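Notes to accompany the following structure.
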Amino acid sequence: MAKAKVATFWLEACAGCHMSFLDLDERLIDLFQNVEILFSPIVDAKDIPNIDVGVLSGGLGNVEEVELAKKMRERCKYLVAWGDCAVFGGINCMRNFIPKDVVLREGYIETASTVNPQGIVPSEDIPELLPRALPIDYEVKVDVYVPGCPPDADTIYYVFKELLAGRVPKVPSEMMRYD
Amino acid sequence: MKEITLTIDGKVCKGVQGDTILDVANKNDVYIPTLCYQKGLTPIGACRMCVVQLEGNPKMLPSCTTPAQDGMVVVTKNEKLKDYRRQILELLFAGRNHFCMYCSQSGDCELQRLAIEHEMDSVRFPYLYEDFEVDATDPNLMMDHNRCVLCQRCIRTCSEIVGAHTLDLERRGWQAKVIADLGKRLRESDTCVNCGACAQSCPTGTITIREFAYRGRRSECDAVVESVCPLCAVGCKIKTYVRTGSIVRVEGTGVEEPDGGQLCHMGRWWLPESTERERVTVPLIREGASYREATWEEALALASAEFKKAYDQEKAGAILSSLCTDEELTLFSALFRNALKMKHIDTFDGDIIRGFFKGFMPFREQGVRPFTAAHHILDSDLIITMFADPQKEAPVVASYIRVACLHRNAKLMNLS
Amino acid sequence: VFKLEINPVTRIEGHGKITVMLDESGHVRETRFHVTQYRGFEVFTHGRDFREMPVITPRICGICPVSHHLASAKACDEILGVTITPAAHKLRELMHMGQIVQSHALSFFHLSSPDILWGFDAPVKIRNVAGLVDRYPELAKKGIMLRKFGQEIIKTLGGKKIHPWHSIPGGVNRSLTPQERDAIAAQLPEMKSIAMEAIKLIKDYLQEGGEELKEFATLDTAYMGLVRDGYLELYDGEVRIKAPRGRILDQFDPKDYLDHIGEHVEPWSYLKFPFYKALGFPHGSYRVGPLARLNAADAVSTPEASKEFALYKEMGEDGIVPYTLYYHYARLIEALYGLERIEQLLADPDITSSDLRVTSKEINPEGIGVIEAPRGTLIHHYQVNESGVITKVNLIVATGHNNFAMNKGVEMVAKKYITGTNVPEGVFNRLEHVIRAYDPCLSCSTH
Amino acid sequence: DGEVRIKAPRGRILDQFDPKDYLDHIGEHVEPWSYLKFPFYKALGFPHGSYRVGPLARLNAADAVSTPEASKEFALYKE
Amino acid sequence: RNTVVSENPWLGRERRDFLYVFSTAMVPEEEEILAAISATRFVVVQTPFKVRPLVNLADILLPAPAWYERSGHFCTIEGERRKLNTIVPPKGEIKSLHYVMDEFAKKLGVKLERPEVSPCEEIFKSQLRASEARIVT
Amino acid sequence: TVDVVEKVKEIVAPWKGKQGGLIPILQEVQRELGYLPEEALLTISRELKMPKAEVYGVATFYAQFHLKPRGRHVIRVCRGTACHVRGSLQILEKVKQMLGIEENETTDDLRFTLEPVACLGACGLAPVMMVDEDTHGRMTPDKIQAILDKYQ
Ligand code: SF4
Ligand code: SF4
Ligand code: SF4
Ligand code: SF4
Ligand code: SF4
Ligand code: FCO
Ligand code: FES
Ligand code: FES
Ligand code: 3NI
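Protein chains in written order, with the working numbering: chain A, 979 to 1157; chain B, 10 to 425; chain C, 24 to 470; chain D, 5 to 83; chain E, 69 to 205; chain F, 84 to 235.
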């Protein structure tokens, strides 16, 4: 009960920024002994609870992942941006130089042995897209930016270790990379 | 007094009178963040990152362009300068589209080193996601313009160091792009000597050597060996980077020498590509259309039996390479010129060497040196290429010719 | 009239959304499984140098960044037209085996072990890696050690663990010095013990729930995999599509794949549906992943994993195991295989060699590299122009081939656990476990 | 059918190659005075890569012939 | 010039039944010299690589130190001696190049007598400046 | 195509061997040809023995040079401080949406061209919308049609 209350999620991430979180192999046992993991791709909760260190990887590319980022911000006090996708926009932003219609059209209609003859353009029930991929510091005020693809396990461990001691850390220059 | 004494960050510094603050800075030890100063190229004042403050004077002035004046107190690191440098770096990151995840130069980028040094954990300014073209038409160089800080170190190294003035700026203000001739692609350019000096000058991964991308990084090098290119006579000085038994990047030292590190295509593109060739390492034998692996005893026996049946009747020669060292050539002379006394030994360019040293020989009789150094064709007034194609013979001589006849008002006349 | 949503589907990679549209009487009219993320790795790359692709393409996923790395590397090696060197082959295979081991360790122990151990009706607070560390302190540590073994191989070879750079277009950047070779080999008797204990645990789970877990989303479909002469190869080999009852249907060279595989674009999801084109959608749809490989392979090459592969084959009516939950079992066999393949690559004097790269000019206009990622067959297909600039890319990824199997599995597990009202949580966990059986990287699926 | 074999002027097989990739070996020099181009082995250059074709070049490039009775006179040609 | 260059051109215009050609296969080779090599009837190349224009005109194809596994001095026309450094050390074992020259000296009736590197003394010296006369030819 | 090779090769004759003079050497080919084709800049670079990149940089650095064929009637609106405080931006955007062409480009068939200039001098009669011939003192939102149809 006295443990901390982190809760992660990814928005338009390739999962590497969490894969680096699970790259904390033996130290994950100690972190779990120090923090209890609420809503996250590791736990089976569906609605984010009120949390302390709300983590977010991946930029904003859809509409659903803006809503969950806004939710996470509304329900924490420190927000940690994992990765260059959440800090600088990342690799997702490479679709910002062509319109979203053209993105969905070259990757679902004219994509080198796809066989749809009706131009389906799959926006039926799924979140459509955003016209430009953006970092999460566009709809969410961020407190600890952690840059990298992915942030190394040492850096993630440092950010968690410093946020559980009760301070807002800025990632030092000797241990920060953009990869 | 030429030797002036200043105070940079408390540390006392010593410099020549005409030296800028950056010169007296880099002379002693002290570090000032720079992105557009290439040792050599005349200080261009574009990045505005080297700004330093003089005591008493509340304004800030570039250390690359402002001269050092006889005694003064320069402060390089404090809060306001760090704030302004972080803002400049963030402007560069927000204006152009910088994705380090896939950049060939993520470890060498000087915009990335500065960003990490100034703890740039953000962009602050709105990301303008405009579409700058990726010019990779050239099979050797690639110009990905959305990483271009606009430092002109590539225009200046192709205007004042190479001479084949291929790169210049296109438009004004924000639309300013680095372009080849008449706003065309680098492949379509008639005036690029494909040198790569534009890739050695670019700090920000815009211009990259394609064939050695992700391997020719200076941060991931196993060793850095200084040597001399052996391909031509100019003997450019090189700083070969070695990564697991292969040269991955050949950047030319000698930015203070008249050449300026502009190694040619054969040196920035054949030297690293030659460390990745087939490398026999076992004596072969023909067998008809396809070689077979032989032992050294077998191969040297079949190659000496054919050297005894062909030496009784004269019928024997040797074509050694003039790219070999004097040790190897002296060894070959020990066997061929002295032991078995063959008068049929040559050097794969013997016509050129013997023509040169039989045309120059009259003047050796008269007692003069009938040749000078190529760096003296930079201050000449009229250059006469007699039977020469210096682009395929010694490209630094051609670059000297171009710098002379464009930026130093010479005239060219050919007798070929 | 109304529908249930399990958004977000947890303990899988990526973004998913199971919708279960019921009728007025409260029974399942139909279920579908959407992937609700899309990035556009087939429109990013137009303009980029092909050499940039083995660094751009690992960013499609972090559970398998080396699978995309190596597929892109084989595509660019076919663009160059290089041999490639045997030492490069064996080093790439070592990195791929390390990735197989780490991805299957994460897939079993981190994502799918809670349901396998505590049952589909366990409380939500305990069903995670955290409650697994708490209650089972040794099994979570063993899975962490296996994942760490795989990622130590990947880190040794390519600098970083996630998104490594080790394979250039043309060869391999870095070999293995004997010290780290011996270091990796000194942990294999322990990692094989971990893998065999997991095999025994999952075999006791499948043997306990005898017939129910044998009809838990078990539909008869085709099995695509990669094969050597007759063996199970994970790096190279021909593509083999075994029909649902044993007959090899259209074994083909991975190069000419556009004449066999097609993609149907359904409106409700960003994931295309690849299928065997001659049979048509939805009758050419096949399976990939560990189950399909072991079903398509007639034999495996490794010694100690061959025994348990034989035990797998005498369970499935002439070699074709159709059960969805056995995707866990098969997975660990793969892991086992991977481990024992590592022991074979570390016993060869070519991983420590120094002839790793082969350079070439004359860039061809097309390059297709197909490897066998842990979740299934991965196809990179680049079309470049004369200048080496990417003109058109096509990535047919692992979870794509299994999209139809996952949709039909969610349909079958919904249509057996319906309740008119009150919509319990254990049936939701079973509806999620059908997806977690394949453990899909939805980021790869939606490049 | 068969591979293309360019025997050097004194016996050594120089660049035996598949007839498909021929543009990397054979070039044509266009001299002003004739409508006939001059193909040549590109690595040696015009006019030092120029070779011969026809019956003489075939019998010079072939190490043996397959037919029984023509083999005797082919051997008499080779000695 | 001081060690190998012959005072008379012989390549092409002389038969030369045997030809030991050493080719650090770096610079594009004059194509007239390559043809002359192709009509030799036995060519022993000691090239380091297996590049195209040398594996065609070769009967033995021995290995070599490949310009980056050897060090040297390179005395030039302008006098002063440079220095080439061993960038990356050799991988295999060609075990010498003097071994090949010795095994050629062996069973040929000749010795070797390794000499010192001949000191390059700039044959053209400037004892006159801005004071020359023309030379009749 | 041959009409653009000697006219440019003759205007460069009184500048050969004289330092400077690329700004004037172009203002003349602009006044003659209406624009600066790529052939023009190519011949300027050939004759002056100045780099093609420098010629293109100077040709695209200054506003009054047009590398594409300009229209047969320019529509210079004044975006000066006096006109803008009066509301010339409204007139500019309506001639924009009315010709349907982008901010500083020509019509699809070379009839008009919009060229936002600095003060044309009538800073009293503001805003001014010159239609390539004469000033236009008031130019309220409705008076733009009665001139754009007339000059075409
Ligand atoms: S920032 Fe990099 S590691 Fe993180 S999700 Fe994006 S691509 Fe993956
Ligand atoms: S140029 Fe430098 S700062 Fe820009 S993306 Fe590349 S590595 Fe990063
Ligand atoms: S390759 Fe050389 S000539 Fe060409 S643009 Fe670069 S520096 Fe200039
Ligand atoms: S291309 Fe590079 S060197 Fe040239 S201006 Fe841009 S950033 Fe500077
Ligand atoms: S000009 Fe080129 S080949 Fe010659 S020495 Fe310099 S870099 Fe080497
Ligand atoms: N396996 C796997 Fe990941 C997926 N889908 C890839 O490639
Ligand atoms: S660094 Fe001094 S201004 Fe560019
Ligand atoms: S204000 Fe527009 S004319 Fe001067
Ligand atoms: Ni994946």
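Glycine included, each C-beta is placed from N, C-alpha and C at the ideal position.
Legend entry - Within-8 Å CB hit, C/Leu281 to chain A: yes
Inset, instruction - Starting from the Cα of E/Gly147, find the closest Cα among E/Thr115, E/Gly160, E/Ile191 and give me that residue. - result: E/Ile191
Inset, instruction - Consider the C-beta atom of D/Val57 and the heavy atoms of ligand 4; say whether any pair is separated by less than 7 Å. - result: no
Inset, instruction - For chain B, find out if any of its Cβ atoms is closer than 8 Å to the Cβ of D/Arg9; answer yes or no. - result: yes
Legend entry - Spatial neighbours of B/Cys163 in its chain, beta-carbon cut-off 7 Å, leaving aside the 5 residues before and after: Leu176, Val187, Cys207, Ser210, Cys211, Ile216
Legend entry - Spatially closest choice to E/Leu165 from E/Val73, E/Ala132, E/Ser139, E/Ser74, by CA coordinates: E/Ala132
Legend entry - Contact list for the region 115 to 137 of chain F against chain B, Cβ threshold 7 Å: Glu121, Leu124, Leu125, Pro134, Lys135, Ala136, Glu137
Inset, instruction - Can you check DSSP and say which residues form a bridge with C/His57? - result: C/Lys40
Inset, instruction - Take B/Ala308 as the anchor and find which of E/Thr71, E/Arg138, E/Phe172 has the nearest alpha-carbon. - result: E/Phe172
Legend entry - B/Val237 and B/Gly244 closer than 8 Å at C-beta: yes
Inset, instruction - Answer yes if the region 159 to 173 of chain C comes into contact with the region 127 to 141 of chain C, meaning at least three C-beta pairs across the two stretches below 8 Å, and no otherwise. - result: yes
Legend entry - heavy atom of ligand 1 below 7 Å from A/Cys1063 C-beta: yes
Inset, instruction - Could you please give me the residues that DSSP links to A/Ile1114 through a beta bridge? - result: Partner(s): none; A/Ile1114 has no beta bridge.
Legend entry - Best match in B/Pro67, B/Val83, B/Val132, B/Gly116 for proximity to B/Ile97 [C-alpha to C-alpha]: B/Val132
Inset, instruction - State yes or no: is the C-beta of B/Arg277 nearer than 7 Å to some heavy atom of ligand 9? - result: no
Inset, instruction - Determine which residues share a DSSP beta bridge with C/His287 and list them. - result: C/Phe296
Inset, instruction - Please indicate yes or no: does the CB of C/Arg398 lie closer than 7 Å to some heavy atom of ligand 6? - result: yes
Legend entry - Exposed unless 16 or more other CB atoms sit within 10 angstroms - verdict on B/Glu260: buried
Legend entry - Residue-level contact to chain B via CB, A/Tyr1123, 8 Å cutoff: yes
Legend entry - B/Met395 classed as buried or exposed, judged by whether at least 16 other C-beta atoms fall within 10 angstroms: exposed
Inset, instruction - Please confirm whether any heavy atom of ligand 2 lies closer than 7 Å to the CB of B/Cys109. - result: yes
Legend entry - Beta-carbon gap between B/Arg252 and B/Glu229 smaller than 8 Å: yes
Inset, instruction - Could you pull the start and end residues of the beta strand (DSSP E) that C/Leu27 belongs to? - result: 25 to 28
Inset, instruction - Answer yes or no: does any C-beta atom of chain E fall closer than 8 Å to that of B/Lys352? - result: yes
Legend entry - Neighbouring residues, chain B, relative to E/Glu181 (Cβ below 9 Å): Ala343, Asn347, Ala348
Inset, instruction - Examine ligand 3 and report whether any of its heavy atoms sits within less than 7 Å of the Cβ of C/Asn30. - result: no
Inset, instruction - Taking only beta-carbon positions, decide if F/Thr84 is within less than 8 Å of chain B. - result: no
Inset, instruction - Have a look at B/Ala312, B/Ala298, B/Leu293, B/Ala327 and flag the residue whose alpha-carbon is nearest the alpha-carbon of B/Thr304. - result: B/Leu293
Inset, instruction - Taking a Cβ distance cut-off of 9 Å, strictly less, list which residues of the region 154 to 180 of chain B are near chain F, in chain order. - result: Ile164, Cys167, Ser168, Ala173, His174, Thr175, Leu176, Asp177, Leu178, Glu179, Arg180
Inset, instruction - Would you kindly work out how many angstroms separate the C-alpha atoms of D/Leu40 and D/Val34, rounded to a whole number? - result: 7 Å
Inset, instruction - May I ask you to check if the CB of C/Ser466 is nearer than 7 Å to at least one heavy atom of ligand 9? - result: yes
Legend entry - Nearest neighbour of C/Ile102, chosen from C/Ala428, C/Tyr461, C/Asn408 [CA to CA]: C/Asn408
Legend entry - Secondary structure of A/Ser1035, DSSP reduced to three states: strand
Inset, instruction - Could you please tell me which residues of the region 282 to 316 of chain C, in chain order, have their CB closer than 8 Å to any CB of chain A? - result: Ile284, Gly285, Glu286, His287, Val288, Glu289, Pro290, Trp291, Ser292, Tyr293, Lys295, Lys300, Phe304
Legend entry - Test: C/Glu65 CB closer than 8 Å to a CB of chain A: yes
Inset, instruction - May I have a chain-ordered list of the alpha helix (DSSP H) segments no shorter than 4 residues that lie completely inside the region 987 to 1042 of chain A? - result: 994 to 997, 1005 to 1012
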